[PDB]
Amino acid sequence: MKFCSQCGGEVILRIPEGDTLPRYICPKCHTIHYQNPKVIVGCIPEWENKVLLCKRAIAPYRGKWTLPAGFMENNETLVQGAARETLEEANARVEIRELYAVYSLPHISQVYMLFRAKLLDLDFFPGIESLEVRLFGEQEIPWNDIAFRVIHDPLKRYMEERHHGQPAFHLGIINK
(Lines of atoms letter the chains of each structure in order from A and count residues from 1; the text may use other names and numbers.)
(Lines give C-alpha, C1' and ligand atoms only; values in the text may rest on other atoms or scores of the structure.)
Protein backbone atom coordinates (compact mmCIF):
# COMPACT_ATOMS: atom_id res chain seq x y z
CA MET A 1 0.00 0.00 0.00
CA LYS A 2 1.51 3.31 -1.19
CA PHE A 3 -1.21 5.96 -0.91
CA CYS A 4 -4.04 6.88 1.41
CA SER A 5 -7.46 6.01 0.01
CA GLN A 6 -9.14 8.91 1.87
CA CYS A 7 -6.85 11.85 0.95
CA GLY A 8 -4.22 10.60 -1.55
CA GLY A 9 -1.25 11.29 0.76
CA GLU A 10 1.60 8.78 0.86
CA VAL A 11 1.32 6.26 3.69
CA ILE A 12 4.16 5.08 6.00
CA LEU A 13 4.61 2.04 8.25
CA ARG A 14 4.28 2.79 11.96
CA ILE A 15 3.72 0.68 15.11
CA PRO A 16 1.02 2.33 17.13
CA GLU A 17 1.61 2.88 20.89
CA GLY A 18 0.76 -0.33 22.71
CA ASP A 19 0.99 -2.50 19.54
CA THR A 20 4.00 -4.56 18.44
CA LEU A 21 3.32 -4.66 14.65
CA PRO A 22 3.27 -1.92 11.96
CA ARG A 23 0.18 -0.47 10.29
CA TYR A 24 0.06 1.83 7.31
CA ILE A 25 -0.74 5.25 8.59
CA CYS A 26 -1.36 8.48 6.79
CA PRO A 27 0.46 11.60 8.03
CA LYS A 28 -1.59 14.00 5.83
CA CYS A 29 -5.00 13.04 7.37
CA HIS A 30 -3.71 11.28 10.56
CA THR A 31 -5.54 8.00 10.21
CA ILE A 32 -4.67 4.32 10.49
CA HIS A 33 -5.30 2.02 7.52
CA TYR A 34 -6.06 -1.56 8.64
CA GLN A 35 -5.68 -4.65 6.45
CA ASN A 36 -7.88 -7.65 7.14
CA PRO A 37 -8.01 -11.21 5.97
CA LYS A 38 -10.32 -12.31 3.15
CA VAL A 39 -13.01 -14.94 3.07
CA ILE A 40 -13.36 -17.44 0.26
CA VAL A 41 -16.72 -19.21 0.16
CA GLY A 42 -17.64 -22.22 -1.84
CA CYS A 43 -19.31 -25.60 -1.91
CA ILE A 44 -19.33 -29.35 -2.72
CA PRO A 45 -22.23 -29.72 -5.27
CA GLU A 46 -23.70 -33.26 -4.81
CA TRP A 47 -25.70 -35.14 -7.42
CA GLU A 48 -26.62 -38.68 -6.50
CA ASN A 49 -23.22 -40.04 -5.34
CA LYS A 50 -21.13 -37.60 -7.42
CA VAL A 51 -19.53 -34.17 -6.90
CA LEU A 52 -19.07 -31.25 -9.31
CA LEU A 53 -15.53 -30.08 -9.97
CA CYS A 54 -14.18 -27.36 -12.23
CA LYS A 55 -10.98 -27.39 -14.25
CA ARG A 56 -9.43 -23.94 -13.80
CA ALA A 57 -8.80 -21.64 -16.83
CA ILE A 58 -6.88 -18.95 -14.98
CA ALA A 59 -3.59 -19.24 -13.10
CA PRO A 60 -2.45 -20.31 -10.64
CA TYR A 61 -2.70 -24.03 -11.57
CA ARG A 62 -4.53 -23.77 -14.85
CA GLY A 63 -5.71 -27.25 -15.93
CA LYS A 64 -6.00 -28.42 -12.33
CA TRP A 65 -9.37 -29.26 -10.75
CA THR A 66 -11.18 -27.45 -7.91
CA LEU A 67 -14.52 -26.82 -6.18
CA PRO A 68 -16.65 -23.80 -7.01
CA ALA A 69 -15.27 -21.17 -4.64
CA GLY A 70 -14.17 -17.54 -4.62
CA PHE A 71 -13.98 -14.33 -2.70
CA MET A 72 -17.09 -13.40 -0.74
CA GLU A 73 -18.52 -9.98 -1.79
CA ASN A 74 -20.03 -7.16 0.18
CA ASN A 75 -23.77 -7.12 0.90
CA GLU A 76 -24.20 -10.87 0.81
CA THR A 77 -24.55 -13.77 3.22
CA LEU A 78 -22.20 -16.74 3.34
CA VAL A 79 -24.84 -18.99 1.71
CA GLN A 80 -25.55 -16.40 -0.97
CA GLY A 81 -21.89 -16.13 -1.75
CA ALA A 82 -21.42 -19.94 -2.15
CA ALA A 83 -24.42 -20.30 -4.49
CA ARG A 84 -23.29 -17.22 -6.49
CA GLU A 85 -19.77 -18.57 -6.92
CA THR A 86 -21.17 -21.91 -8.09
CA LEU A 87 -23.46 -20.24 -10.69
CA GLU A 88 -20.57 -18.02 -11.93
CA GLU A 89 -17.94 -20.78 -12.25
CA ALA A 90 -20.16 -23.70 -13.34
CA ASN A 91 -23.55 -22.26 -14.46
CA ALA A 92 -24.91 -24.53 -11.78
CA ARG A 93 -27.87 -24.07 -9.43
CA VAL A 94 -27.36 -25.41 -5.93
CA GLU A 95 -29.19 -25.39 -2.67
CA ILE A 96 -26.61 -24.71 0.04
CA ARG A 97 -26.76 -27.10 2.97
CA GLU A 98 -24.56 -27.49 6.08
CA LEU A 99 -21.24 -25.76 6.55
CA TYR A 100 -18.70 -28.57 6.33
CA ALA A 101 -15.26 -27.03 6.51
CA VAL A 102 -13.61 -23.91 7.80
CA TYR A 103 -9.88 -23.43 7.01
CA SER A 104 -7.47 -20.72 8.18
CA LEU A 105 -4.60 -19.90 5.78
CA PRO A 106 -2.66 -17.43 7.94
CA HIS A 107 0.36 -17.06 5.64
CA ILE A 108 -1.90 -15.53 2.97
CA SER A 109 -4.53 -14.04 5.34
CA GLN A 110 -7.39 -16.11 3.98
CA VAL A 111 -10.30 -18.02 5.45
CA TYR A 112 -12.02 -20.76 3.41
CA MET A 113 -15.62 -21.69 4.19
CA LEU A 114 -16.85 -24.82 2.38
CA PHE A 115 -20.55 -25.76 2.44
CA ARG A 116 -22.27 -29.02 1.55
CA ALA A 117 -24.65 -28.46 -1.38
CA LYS A 118 -27.39 -30.10 -3.47
CA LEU A 119 -27.06 -29.66 -7.22
CA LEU A 120 -30.57 -28.90 -8.50
CA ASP A 121 -30.15 -29.86 -12.17
CA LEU A 122 -27.60 -31.13 -14.66
CA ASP A 123 -27.94 -28.11 -17.05
CA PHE A 124 -24.56 -26.72 -16.17
CA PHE A 125 -21.41 -25.77 -18.21
CA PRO A 126 -18.23 -23.68 -17.75
CA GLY A 127 -18.27 -20.01 -16.93
CA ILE A 128 -15.21 -17.93 -18.05
CA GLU A 129 -13.01 -19.03 -15.09
CA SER A 130 -13.54 -22.73 -16.00
CA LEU A 131 -12.19 -24.85 -18.88
CA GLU A 132 -14.56 -27.56 -17.99
CA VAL A 133 -17.07 -28.75 -15.43
CA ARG A 134 -18.22 -32.24 -14.62
CA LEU A 135 -19.46 -34.73 -12.01
CA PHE A 136 -17.09 -37.32 -10.60
CA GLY A 137 -17.72 -40.44 -8.58
CA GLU A 138 -15.35 -40.91 -5.66
CA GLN A 139 -13.15 -43.32 -7.64
CA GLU A 140 -13.04 -40.84 -10.60
CA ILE A 141 -11.76 -37.81 -8.63
CA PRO A 142 -8.24 -36.98 -9.84
CA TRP A 143 -6.75 -36.42 -6.39
CA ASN A 144 -3.29 -35.61 -7.74
CA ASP A 145 -4.65 -32.92 -10.01
CA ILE A 146 -6.50 -30.93 -7.43
CA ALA A 147 -5.19 -27.36 -7.51
CA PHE A 148 -5.20 -26.39 -3.82
CA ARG A 149 -4.52 -28.39 -0.66
CA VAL A 150 -7.34 -26.36 1.05
CA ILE A 151 -9.72 -27.99 -1.53
CA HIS A 152 -8.02 -31.43 -1.71
CA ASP A 153 -7.99 -32.13 2.05
CA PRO A 154 -11.56 -31.35 3.08
CA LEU A 155 -12.91 -33.01 -0.12
CA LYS A 156 -11.08 -36.28 0.50
CA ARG A 157 -12.21 -36.25 4.09
CA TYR A 158 -15.76 -35.54 3.01
CA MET A 159 -15.90 -38.41 0.51
CA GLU A 160 -14.32 -40.84 2.99
CA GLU A 161 -16.34 -39.85 6.08
CA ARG A 162 -19.69 -40.04 4.34
CA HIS A 163 -19.42 -43.82 3.95
CA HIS A 164 -19.92 -43.81 7.72
CA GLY A 165 -22.70 -41.21 8.06
CA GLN A 166 -23.06 -37.43 7.79
CA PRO A 167 -19.55 -35.94 7.75
CA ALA A 168 -18.94 -33.84 10.83
CA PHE A 169 -18.05 -30.21 10.51
CA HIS A 170 -14.40 -29.42 11.08
CA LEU A 171 -12.02 -26.51 11.43
CA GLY A 172 -8.63 -26.78 9.65
CA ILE A 173 -5.36 -24.88 9.28
CA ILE A 174 -2.93 -24.88 6.37
CA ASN A 175 0.37 -23.18 7.07
CA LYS A 176 2.98 -22.06 4.58
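Residue positions are given as counts along the sequence shown, with the first one as 1.
Taking the PDB entry as given, 132-140 carries the higher mean Cα B factor of the two stretches 108-116 and 132-140. For the set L122, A57, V39, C43, the maximum C-alpha B-factor listed in the entry falls on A57. When all modelled residues of the chain are sorted by CA temperature factor, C7 is found within the middle third. Ranked by Cα temperature factor within the chain, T66 sits in the lowest third according to the deposited record.
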